[PDB]
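S.K.: Following this message is one structure expressed as C-alpha cells.
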Amino acid sequence: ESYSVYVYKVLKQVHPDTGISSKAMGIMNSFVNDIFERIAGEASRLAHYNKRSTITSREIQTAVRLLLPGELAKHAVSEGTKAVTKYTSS
Amino acid sequence: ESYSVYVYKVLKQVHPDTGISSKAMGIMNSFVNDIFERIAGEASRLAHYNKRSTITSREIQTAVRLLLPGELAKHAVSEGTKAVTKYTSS
Amino acid sequence: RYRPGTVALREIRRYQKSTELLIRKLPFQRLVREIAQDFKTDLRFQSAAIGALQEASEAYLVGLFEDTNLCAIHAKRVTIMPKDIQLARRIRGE
Amino acid sequence: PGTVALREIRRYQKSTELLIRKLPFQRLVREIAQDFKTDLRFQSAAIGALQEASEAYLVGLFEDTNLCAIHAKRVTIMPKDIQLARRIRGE
Amino acid sequence: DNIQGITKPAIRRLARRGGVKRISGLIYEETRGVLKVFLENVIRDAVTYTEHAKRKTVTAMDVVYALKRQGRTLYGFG
Amino acid sequence: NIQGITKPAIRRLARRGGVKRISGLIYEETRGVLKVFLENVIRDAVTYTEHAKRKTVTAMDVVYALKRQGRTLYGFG
Amino acid sequence: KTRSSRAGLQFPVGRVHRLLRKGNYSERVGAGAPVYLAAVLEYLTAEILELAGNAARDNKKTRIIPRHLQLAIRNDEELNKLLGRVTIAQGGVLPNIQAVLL
Amino acid sequence: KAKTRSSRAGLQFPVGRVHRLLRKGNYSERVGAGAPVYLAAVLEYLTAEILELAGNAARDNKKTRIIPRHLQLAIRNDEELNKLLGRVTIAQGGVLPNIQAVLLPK
DNA sequence: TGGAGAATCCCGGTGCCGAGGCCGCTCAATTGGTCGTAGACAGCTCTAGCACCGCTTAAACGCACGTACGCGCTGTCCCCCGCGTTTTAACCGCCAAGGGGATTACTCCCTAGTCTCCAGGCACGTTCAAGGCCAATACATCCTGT
DNA sequence: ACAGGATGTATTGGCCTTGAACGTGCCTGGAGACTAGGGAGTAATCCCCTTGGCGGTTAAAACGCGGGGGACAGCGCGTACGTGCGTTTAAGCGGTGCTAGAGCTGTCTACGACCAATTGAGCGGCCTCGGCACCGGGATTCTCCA
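Residue numbers (UniProt numbering), protein chains in the order written: chain A, 36 to 125; chain B, 36 to 125; chain C, 41 to 134; chain D, 44 to 134; chain E, 25 to 102; chain F, 26 to 102; chain G, 16 to 117; chain H, 14 to 119.
Set out below in C-alpha cells:
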C-alpha cells in the first residue's frame with residue numbers, strides 16, 4: 036500500500052509534461068506518511084485534553100494551524116474547508 | 036488524582052526523617068506523569084510496528100531499554116522482572 | 041574602591057546561589073498582554089499562566105547567555121557581543 | 044592553496060554521490076554491532092541507510108565547525124571548533 | 025512601549041546567572057528582540073489551544089502544552 | 026576498521042561542508058564522533074531487532090532508530 | 016460514488032478513514048475528518064511537486080530526481096521550516112561558499 | 014478477602030490505577046496482566062532514586078525538607094538523570110554554581 | 001598580460017535500461033438499515049480575574065572618572081598544501097550453499113465484559129515544629145603604600 | 001612580601017508565623033467470580049537472500065619533497081564599560097466592589113459504529129520505446145608576466 040497513483044495524478048495536474056523517477060516517489064511516500072502521523076497525533080492530543088471521544092474536522096483544523104508554518108496553514112485551511120463543504124453539498 | 040500518597044511512602048522508606056514541601060510534590064507529580072507518557076507511547080509504537088494488538092510486559096521492557104540511559108535501564112529491568120515474578124507466584 | 045571585575049564575580053556568585061525571579065512582574069505582565077492582543081481581543085489570563093510564562097522565559101534567557109559566554113571565550117575575549125548571540129542561535133537552529 | 048580547494052568545494056557541493064568507500068563502512072558497522080549481539084546479519088539496505096545518515100550528519104557538523112572557525116578569525120578548522128559546536132548543539 | 029520595561033539591570037541580572045563577567049552596550053536591544061520572538065511563539069500556541077476549547081481565558085495548562093510542543097517541558101505548574 | 030575512514034574521505038566531507046583549510050588533528054576527532062553516532066544508532070536498531078525475535082537487522086529498524094533520535098530519513102521505507 | 020469524487024480530490028478518502036480508525040487515535044472518527052486530512056495532504060504534495068518541477072526545468076531535464084526535491088525544499092522558507100530535521104537520500108546540499116574564503 | 018494488586022507484587026505505586034490509565038489513553042485495544050505491574054515498579058524505582066539524591070542534597074544544607082532547589086541539584090549532579098531530563102525546566106530550581114576558569118582573578 | 005595553458009561548456013551520436021502503459025483478478029471500499037450514547041444547549045451558581053486608590057521605599061535613572069580591554073599592526077617560523085611515483089585494495093562479475101525471513105493451519109488460554117461488594121483515597125478542619133528574619137560579632141578577604 | 005584598614009561575610013541566639021502532617025467521614029473506583037470469543041503461541045514448509053570465495057583492472061590511497069601563507073605572540077593606543085553617589089520614578093501591598101465566565105446538571109436528538117452483499121479500483125507482471133548518461137571533439141573562457 037503506497038501513494039504512488041495519487042502523487043502521479045497530482046504531478047500530471049501541476050506539470051502535465053514532467054515525469055518522476057522511482058527514488059523520488061519513495062521520498063514523496065515518506066513525506067505523506069510523516070505528515071499524516073504528525074497531524075493525526077496532534078489531533079488525538081487535542082481530543083484527549085478536552086475529554087472528547089471523537090476526532091472531527093475542528094481537531095484537524097487546529098492541528099494544521101499548530102503544525103504548519105505561516106502562509107502554508109492558511110491555504111491548507113482554505114482547501115480543507117472547501118473540500119468539506121463540497122462533500123456535504125453532494 | 037495525583038501521586039502524592041505513594042511519593043510520600045517512598046520518601047519515608049528511603050529517608051525516614053525527611054519531609055517534602057508542596058511545590059516539590061508538584062514537580063514529582065509532573066515527573067511521574069511525563070515518564071509514564073513516554074513509556075506508554077513507546078510501547079504503543081512497538082505494538083503497532085509488529086502488527087500486534089496487546090501491550091504486554093515485553094513492550095514495557097523494550098521501551099524501558101530504549102528510553103533510559105545505561106545502568107538506570109538495567110536496574111529498572113531487574114525491578115520490573117522481580118515484581119512480575121512475585122505477582123505471578125502469588 | 042574595588043577594581044573592575046570584583047563586583048561582577050561577587051554578583052555571579054550571589055545570583056548563582058538564589059532561585060528568585062529576576063524580572064519585575066507588572067512590566068512582564070503588560071508585555072505578555074500586549075503581545076497577546078495581536079492574536080485575539082478581550083483575552084483574560086490566569087495568574088498561574090503568566091507565572092509559567094515568566095519561568096520559561098527566564099530559563100531560556102539564562103541558557104542562551106551561557107552559550108553566548110562560551111562563544112566569546114572562543115574568540116579570546118571576556119566581553120559578550122551581539123555576534124555571540126547570533127552565532128549561538130544559528131548553531132542552536134533558531 | 045586557494046585555487047584547488049575552492050574548485051573542490053564547488054565540485055563536491057554540486058554532486059550527490061557518497062564520499063566514503065562502502066567496503067570499509069560495512070566492516071566498521073559490523074565490528075561495532077559485535078558488542079551488542081553476536082552472529083548478526085545485516086540487510087543490504089540497512090547499511091546504505093546508516094551510511095547516508097552518517098554522511099549527512101558529518102557534513103552538517105563541518106558546516107557548523109566552519110562558522111566557529113570564522114568566528115575565531117581563522118580560515119583553518121581545529122578540534123576546539125568541533126568541540127564548541129557539539130557543546131552548543133547539546134551533544 | 026512595554027518592551028522597555030525589561031530594563032538594563034534586569035538583563036544584567038539574567039546574564040550574571042549565566043556567568044557573564046562583562047557586557048557590551050548593544051546586548052540589551054538584541055535580548056529584547058529575542059525575548060519578543062520567543063514570547064510570540066509560545067503565546068500564539070497557547071491562544072490557539074484556548075480558542076479550540078471555546079474559552080475566553082488562558083490557563084496554565086495551555087502554556088504547559090504550548091511549551092511542551094516547542095520542546096521545552098516545564099515542571100511544577102500541573 | 027576505524028582507519029578505513031581515510032584522510033581523503035574526511036577531506037571530501039569537509040569540502041562538501043564548505044571548508045577551505047584543515048588542521049592535522051581533525052581526522053582522529055572526526056573518527057571518534059562518527060564512532061559515537063554509529064554506536065547510538067546501532068544500539069537502538071539492534072534493540073528493535075531483538076524485539077520481534079529476528080536475527081537480521083532490517084532497514085526499517087534503522088529508520089525507526091533515526092526517527093527516535095530526531096534524525097528522520099526519507100527514501101528507505 | 017467514490018467519496019473522493021464528491022469532494023473533488025485525487026487522494027483516497029476511504030483509505031485515510033481506515034488508517035484513522037485503526038491507528039489508535041480515538042474511539043470514534045467523524046465523517047468530515049478524512050476529507051480535511053486528504054485535502055491538506057494533496058495541497059502539500061502539489062506545492063512540493065510544483066517547486067520540484069520548476070527546479071528540474073531550470074536545468075534541461077524532464078524528470079524529477081531527489082536532488083530537485085532537495086533544491087525545492089531548501090529554497091523555500093516555509094517548506095524549509097516544516098522539513099527542518101529531515102534528511103533526503105541522494106539530495107546533496109545547497110552550494111554556498113562563505114565570503115572571507117574567496 | 015480482597016487483596017490489592019500492589020500488595021501481591023510488593024509495590025507502593027498503584028497497579029490498579031495504572032491499569033485504568035493504560036486502557037483510557039488509546040495506546041492499544043487490549044492490555045496484558047503484567048504490563049501495569051512492570052510499569053509501576055519502574056516508576057517507583059525512578060522516584061526512589063531521585064528522592065534519595067534530593068534527600069542527601071537537603072541534608073548537606075542543614076535542612077529537613079526537600080524544596081525544588083534540592084531536586085534540581087540532585088538531577089544536575091547525576092550524569093544519567095541529567096541525560097534523562099536534559100530538556101526539562103524545573104520551576105524555582107535555579108542553576109549549578111559554575112564560573113569559567115579564564116574569568117577568575119589572575 | 002590582456003599573451004599562454006588548462007578548465008569548462010558547448011556541440012552532436014548512441015544505446016540501453018528504466019519509466020510508462022495494458023490486462024486479469026481479488027479484496028477493500030460503497031450502500032442500506034438500525035441502535036444507543038456522545039455531544040449540544042439551556043438554566044443556574046458562585047469563584048476569580050479585573051480595576052481603582054493611597055502610601056512607602058526599593059529599584060531605576062543619570063553622571064562623571066579612570067582603567068582594563070578590544071583592536072589593529074608587525075614579525076617569525078612551521079605546517080598544511082600541491083604534485084609526482086609506487087603500492088594497495090575496493091569494485092565487479094560469477095558461482096555455490098544453507099540460514100532464516102515470511103506464510104499458513106490448529107488449538108488453547110488469556111483478556112474483555114458484567115454484576116456485586118467494600119475499603120482506599122480525597123476533601124476539610126485543627127495544630128505545633130521547620131525555616132526565614134533580625135541584631136550582634138568575631139573572621140576572611142581585597143587593595144594598597146612601603 | 002607585608003601590615004594596617006574598611007568591607008563583605010559567615011556565625012550564633014531568640015521569636016514566631018504559616019504550611020506540613022494528622023485525623024474523620026463517606027463515596028466511588030478497585031477487586032472477585034463467571035462466561036465466552038478470538039489473539040497469538042507453535043509446527044511445518046518453501047524459497048529468498050545473505051554470506052563466502054576468487055581472478056583481474058584500475059582508480060584511489062600512501063609517501064616523500066619543497067616553499068609560501070597563515071597562526072600566534074608582542075606592543076601601542078584609544079574608546080567604552082564598571083564603579084560609586086545622588087535624584088526620580090513606579091513597583092509592590094493591602095482593601096473594596098463587580099461582575100464575566102467557568103463548571104456542573106438535565107434532557108433530547110442526530111451522528112457514528114456494526115453487519116451483510118456486491119462490484120470495481122488498485123497491485124502485479126509483462127512488454128515497449130525515449131530520456132539521459134556517456135562519449136569524444138571543438139569552442140569558449142579564467143589565471144598569471146614582458
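Ideal Cβ placement from N, Cα and C applies to all residues, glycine included.
Should the region 75-86 of chain F be regarded as contacting the region 76-92 of chain D, the criterion being three or more beta carbon pairs within less than 8 angstroms?
M.R.: Flag = yes, the region 75-86 of chain F and the region 76-92 of chain D touch.
S.K.: Helix, strand or coil: how does DSSP classify residue 99 of chain E here?
M.R.: Within the fifth sequence, numbered from 1, the residue matching residue 99 of chain E stands at position 75. Correct three-state label for residue 99 of chain E: strand.
S.K.: Taking contact to mean 3 or more Cβ pairs, one atom from each stretch, closer than 8 angstroms, check whether the region 47-59 of chain E and the region 48-63 of chain H are in contact.
M.R.: Touching, no, given that fewer than three Cβ pairs across the two stretches are closer than 8 angstroms.
S.K.: Starting from residue 102 of chain G, trace the alpha helix (DSSP H) in both directions and tell me its first and last residue.
M.R.: If you number the seventh sequence from 1, residue 102 of chain G lands on position 87. Run containing residue 102 of chain G: none in the alpha helix (DSSP H); it sits in the beta strand (DSSP E), 101-103.
S.K.: So residue 121 of chain C is in the alpha helix (DSSP H); what residue range does that whole segment cover?
M.R.: Taking the third sequence and counting its residues from 1, the one referred to as residue 121 of chain C is at position 81. Unbroken run through residue 121 of chain C: none, as it is neither H nor E.
S.K.: Taking the C-alpha atoms as reference points, what is the distance between residue 56 of chain H and residue 83 of chain A?
M.R.: Within the eighth sequence, the letter at position 43 stands for residue 56 of chain H. Within the first sequence, the letter at position 48 stands for residue 83 of chain A. If you take the alpha carbons of residue 56 of chain H and residue 83 of chain A, they lie about 23 angstroms apart.
S.K.: Would you mind reading off the limits of the alpha helix (DSSP H) that contains residue 68 of chain B?
M.R.: As a working note, residue 68 of chain B is residue 33 in the second sequence. First-last of the alpha helix (DSSP H) with residue 68 of chain B: 57-84.
S.K.: In this structure, does DSSP put residue 60 of chain G in helix, strand or coil?
M.R.: By 1-based counting over the seventh sequence, the position of residue 60 of chain G is 45. Here residue 60 of chain G sits in helix by DSSP.
S.K.: What does residue 57 of chain B reach in chain E if we use C-beta pairs closer than 8 angstroms?
M.R.: By 1-based counting over the second sequence, the position of residue 57 of chain B is 22. Per Cβ cutoff of 8 angstroms: no residues; residue 57 of chain B is ~10 angstroms from chain E at best.
S.K.: Return the first residue and the last residue of the alpha helix (DSSP H) that residue 70 of chain F is part of.
M.R.: Taking the sixth sequence and counting its residues from 1, one reaches residue 70 of chain F at position 45. First-last of the alpha helix (DSSP H) with residue 70 of chain F: 51-75.
S.K.: My output table needs one value for residue 64 of chain D: the three-state DSSP class, helix, strand or coil.
M.R.: Counted from its first residue, the fourth sequence places residue 64 of chain D at position 21. Residue 64 of chain D falls in the coil class under three-state DSSP.
S.K.: Using a beta-carbon distance cut-off of less than 8 angstroms, what residues from the region 88-102 of chain E approach chain A?
M.R.: Hits within the stretch, in order: 89, 93.
S.K.: Compare the C-beta of residue 73 of chain A with all C-beta atoms of chain E and state if any pair is closer than 9 angstroms.
M.R.: Numbered from its first residue, the first sequence carries residue 73 of chain A at position 38. Cβ-Cβ to chain E under 9 angstroms: no for residue 73 of chain A.
S.K.: Does the beta carbon of residue 86 of chain A sit closer than 9 angstroms to a beta carbon anywhere in chain G?
M.R.: Position 51 of the first sequence holds residue 86 of chain A. With 9 angstroms as the cut-off, residue 86 of chain A does not count as an interface residue toward chain G.
S.K.: DSSP puts residue 85 of chain D in a beta bridge; with which residues?
M.R.: The residue labelled residue 85 of chain D in the question sits at position 42 within the fourth sequence. Partner(s): F:82.
S.K.: Under 6 angstroms Cβ to Cβ from residue 66 of chain F, same chain only, skipping five residues before and after it: list those, please.
M.R.: Within the sixth sequence, the letter at position 41 stands for residue 66 of chain F. Taken in chain order, the residues that qualify are 90.
S.K.: Is the region 55-64 of chain C close to the region 94-103 of chain C, with three or more CB pairs under 8 angstroms?
M.R.: Contact holds: three or more Cβ-Cβ distances are below 8 angstroms.
S.K.: If you pair each beta-carbon of the region 61-68 of chain A with each one of the region 48-57 of chain E, do three or more pairs fall below 8 angstroms?
M.R.: Counting Cβ pairs under 8 angstroms, fewer than three are found: no touch.
S.K.: Alpha carbon to alpha carbon, how far is residue 106 of chain D from residue 84 of chain H? Give it in angstroms, no decimals.
M.R.: Residue 84 of chain H sits at position 71 when you count from the first residue of the eighth sequence. Residue 106 of chain D sits at position 63 when you count from the first residue of the fourth sequence. Answer to the nearest angstrom: the Cα atoms are 38 angstroms apart.
S.K.: Counting only beta-carbon separations shorter than 9 angstroms, does residue 125 of chain C have a partner in chain E?
M.R.: If you number the third sequence from 1, residue 125 of chain C lands on position 85. It does: the Cβ of residue 125 of chain C has a partner Cβ on chain E nearer than 9 angstroms.
S.K.: Would you mind reading off the limits of the alpha helix (DSSP H) that contains residue 98 of chain A?
M.R.: The residue labelled residue 98 of chain A in the question sits at position 63 within the first sequence. Per DSSP, residue 98 of chain A belongs to the alpha helix (DSSP H) from 92-102.
S.K.: How far does the alpha helix (DSSP H) with residue 92 of chain G in it extend, from its first residue to its last?
M.R.: For the purposes of this step, residue 92 of chain G is taken as the residue at position 77 of the seventh sequence. Per DSSP, residue 92 of chain G belongs to the alpha helix (DSSP H) from 92-97.
S.K.: Using Cβ-Cβ distances below 9 angstroms, what residues of the region 38-62 of chain E are close to chain C?
M.R.: Residues 38, 39, 40, 41, 42, 43, 44, 45, 46, 47, 48, 50, 51, 53, 54, 55, 58, 59, 60, 61, 62.
S.K.: Cα-Cα, which of A:73, A:41, A:53 is closest to residue 75 of chain G?
M.R.: Numbered from 1 along the seventh sequence, position 60 holds the residue referred to as residue 75 of chain G. Residue 75 of chain G has its Cα closest to that of A:53, out of A:73, A:41, A:53.
S.K.: Under the three-state reduction of DSSP, which class applies to residue 77 of chain H: helix, strand or coil?
M.R.: As a working mapping, residue 77 of chain H is identified with position 64 in the eighth sequence. In the structure shown, residue 77 of chain H sits in coil (DSSP, three-state: anything other than H, G, I, E or B).
S.K.: Indicate whether at least one CB of chain C lies closer than 9 angstroms to the CB of residue 76 of chain D.
M.R.: The sequence position of residue 76 of chain D within the fourth sequence is 33, counting from 1. Cβ-Cβ to chain C under 9 angstroms: no for residue 76 of chain D.
S.K.: What number of angstroms, rounded off, separates the C-alpha of residue 190 of chain C from the C-alpha of residue 111 of chain H?
M.R.: For residue 190 of chain C there is no data in the structure shown, the boundaries of chain C being 41 and 134.
S.K.: Taking residue 110 of chain A as part of the alpha helix (DSSP H), name the residues at either end of that continuous run.
M.R.: To locate residue 110 of chain A, count along the first sequence from 1; it is residue 75. 105-124 is the extent of the alpha helix (DSSP H) around residue 110 of chain A.
S.K.: At 7 angstroms on the CB atoms, spell out the chain D contacts of residue 118 of chain G, in chain order.
M.R.: Any question about residue 118 of chain G goes unanswered here, given that chain G covers just 16 to 117.
S.K.: Would you identify the three-state DSSP class for residue 28 of chain H, choosing helix, strand or coil?
M.R.: By 1-based counting over the eighth sequence, the position of residue 28 of chain H is 15. Residue 28 of chain H: helix per DSSP, three-state reduction.
S.K.: Using the beta-carbon of each residue, which ones in chain B are nearer than 7 angstroms to residue 77 of chain F?
M.R.: Counted from its first residue, the sixth sequence places residue 77 of chain F at position 52. The contacting residues are 85.
S.K.: Under 9 angstroms, do residue 101 of chain F and residue 76 of chain A count as touching if we go by C-beta distance?
M.R.: Taking the first residue of the sixth sequence as 1, we reach residue 101 of chain F at position 76. Taking the first residue of the first sequence as 1, we reach residue 76 of chain A at position 41. No, these two residues do not count as a Cβ contact at 9 angstroms.
S.K.: Compare the C-beta of residue 70 of chain A against all C-beta atoms of chain F and say whether one is closer than 9 angstroms.
M.R.: Here residue 70 of chain A refers to the residue found at position 35 of the first sequence. No, residue 70 of chain A lies away from the interface with chain F (no Cβ there is under 9 angstroms from its Cβ).
S.K.: Is the shortest distance between the beta-carbon of residue 52 of chain C and the beta-carbons of chain D less than 9 angstroms?
M.R.: Numbered from 1 along the third sequence, position 12 holds the residue referred to as residue 52 of chain C. By this cut-off, residue 52 of chain C is not an interface position.
S.K.: Please state the DSSP three-state secondary structure of residue 35 of chain F.
M.R.: Walking along the sixth sequence from the start, residue 35 of chain F turns up at place 10. Note: residue 35 of chain F maps to helix in three-state DSSP.
S.K.: Return no unless some Cβ of chain C is closer than 9 angstroms to the Cβ of residue 101 of chain D.
M.R.: Here residue 101 of chain D corresponds to residue number 58 of the fourth sequence, with the count starting at 1. For residue 101 of chain D, the answer is no, since every Cβ of chain C falls outside 9 angstroms of its Cβ.
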